[PDB]
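Convention: sequence-line order gives letters A, B, ...; per-chain numbering from 1. These values consider heavy atoms only, across backbone and side chains, with no hydrogens, waters or symmetry-generated copies.
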Amino acid sequence: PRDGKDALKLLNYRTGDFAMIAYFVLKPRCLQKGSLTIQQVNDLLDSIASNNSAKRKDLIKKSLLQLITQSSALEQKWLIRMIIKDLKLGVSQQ
DNA sequence: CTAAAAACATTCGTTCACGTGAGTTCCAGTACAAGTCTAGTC
């Protein structure tokens with residue numbers, strides 16, 4: 001719901017990162033065990049990037065829906081962090 | 001001559017100063033992670 005607590009929380013994230021809010025929102029909704037391998041995730045991300053380059057948001061929406069429906073809340077949060085390009089695992093790239 | 005008063009010699013206990021090995025812990029130093037890097041228009 002656009003006026004539901006989850007919608008405002010996702011939108012009002014003080015532009016405690018967005019990944020944590022998304023994980024909390026998706027916890028009661030998402031499954032407990034995903035079925036996507038690393039190769040499938042990489043293929044979906046590549047498709048999203050290519051469609052963005054080609055200016056076709058329908059395919060981007062379809063790929064995002066597939067990722068959302070075939071992953072768990074932890075997987076959703078990690079995918080969001082990867083897309084944003086901000087992980088902060090506590091260990092530097094070096 | 002005589003004993004006695006003074007001086008001298010010895011051993012012990014206590015105090016102190018220094019040196020040194022061992023255990024505990026506190027902290028300066030080091031390593032590492034994360035953020036910043038100019039401001040605006042169109």
Worksheet item: Any donor and acceptor pair, going by atom type alone, linking the side chain of A:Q76 with main-chain N or O of A:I68 inside 3.5 Å?
Response: yes
Practice prompt. With sequence neighbours left out, write down each residue that passes salt bridge (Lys or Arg N to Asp or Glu O under 4.0 Å) with A:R2, or none if nothing qualifies.
Written response: none
Please output the side-chain donor-acceptor pairs of residues 42-49 of chain A that fall under 3.5 Å, not counting sequence neighbours, one pair per line with the distance.
| from | atom 1 | to | atom 2 | distance (Å) |
| --- | --- | --- | --- | --- |
| A:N42 | ND2 | A:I38 | O | 3.2 |
| A:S47 | OG | A:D43 | O | 2.8 |

Worksheet item: Residues sharing A:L31's hydrophobic cluster, by side-chain heavy-atom contacts under 4.5 Å among ILVMFWY, directly or via others?
Response: none
Discussion item. Just to verify, what does A:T37 make a side-chain contact (heavy atoms from CB on, under 4.5 Å) with, not counting sequence neighbours?
Written reply: A:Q39, A:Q40
Worksheet entry | Under 4.0 Å protein heavy-atom contacts per nucleotide of nucleotides 29-34 of chain B, with B for base, S for backbone only and - for none | ----SS
Item to complete: Give the rounded distance in Å between these two atoms: CG of A:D86 and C1' of B:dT36.
Response: 15 Å
Fill in: By ring-ring contact (aromatic ring centres under 6.0 Å, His included) - contacts of A:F24 (at least two apart)
none
Compile the donor-acceptor pairs under 3.5 Å between side chains in residues 86-94 of chain A and protein atoms, sequence neighbours left out, one pair per line.
none

Worksheet item: Which pairs pass salt bridge (charged side-chain N to carboxylate O under 4.0 Å, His left out) with one or both residues in residues 60-77 of chain A, sequence neighbours excluded?
Response: none
Worksheet item: Which stems does DNA chain B form, counting runs of 3 or more consecutive Watson-Crick or G-U wobble pairs with both distances under 3.5 Å?
Response: none
